[PDB]
């Protein structure tokens, strides 16, 4: 009596630059535009949707119950339950898996899930009087670094963890800069062909002078293939530095949302749906924190097993491009050198709104699968962990 869960629809905001277009738009406002567009496209009447689960990594100053904000700003009923989920970078995918579980268990027939992040709006932390010294210099941490990008156990940046997977699998500066230039080109190629028009939910940002409609990603046109090899290593300055701002993910503001359904709900409302797919399997996996870059290589086989398919049976892989080194290490271990991996670009060129990325790569995946094809979305997360989902694209049922 374990049931099956279907993706009926998917939408994402454009991915804006750090301190760019979405500075005045909170993560839940971004969530709201992704959820409004997902429910519209699902063909499901809003009253069947009973829960909104949204990933959000940096919750500081977002106000009470971020997920609940997104739900309410999307115009959903106050009767719809909600939850903000933090599996760091995996938050968005994990949220989709949690919503699927509600359907798999018979507890609900329709769900919305995804993620959201406004990195521009994460704040600095001032401790209260009892945790301040009585005199002398105070250091205030940036939430982006202390909560987002700093390993607790080995007290260094995620960038250093990548440096140590880059050496252990012999992934050079040149190999990394090659993958990054290719991510930028695939993104430019996909935008010229307009491959993101149907998944994208435009954000109307207000203001004093204007009203601007943002409908295009920000940062994918910034490729200077000249400069890329001329960049300093951003994290390791002991001579052996290979990760740079060029060949790593950028910080971004953005959101993404999907509507999920039972077999019954998919049949009645979703048969022609463009993003219609079965959730075949999900899997989480963890190893040592420093080794978070290769966690996906642990999660993917568990997911493939639970789906009873081989690697060769998945048409498209979407792995989140945290760092070029991450993709190349994971390509090596799973033997995916000639697989379709991030064909339209990834987080190096399209951006990384942390809480959203897990569900944004799923939205991108579903739009580039043919009927009957298996897809895989996998994303690594800080602390040494990863979430992978197997999806089968469908025309009906």
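Positions refer to the first chain, counted from 1.
A summary of the deposited B-factors shows that, of 91-99 and 282-290, the stretch with the larger mean C-alpha value is 282-290. Higher mean CA temperature factor between 202-210 and 114-122: 202-210, per the PDB entry. Comparing the C-alpha B-factors of 324, 255, 259, 145 in the entry, the top value falls on 324. The PDB entry gives the largest Cα B-factor of the residues 352, 332, 41, 360 to 332. In this PDB entry, the Cα temperature factor of residue 244 sits in the top third of its chain's modelled residues, the highest group. When all modelled residues of the chain are sorted by CA temperature factor, residue 76 is found within the middle third. In this PDB entry, the Cα temperature factor of residue 383 sits in the top third of its chain's modelled residues, the highest group. Split the chain's modelled residues into thirds by C-alpha temperature factor. Residue 338 is in the highest one. Per-chain ranking of the deposited C-alpha B factor places residue 85 in the lowest third.
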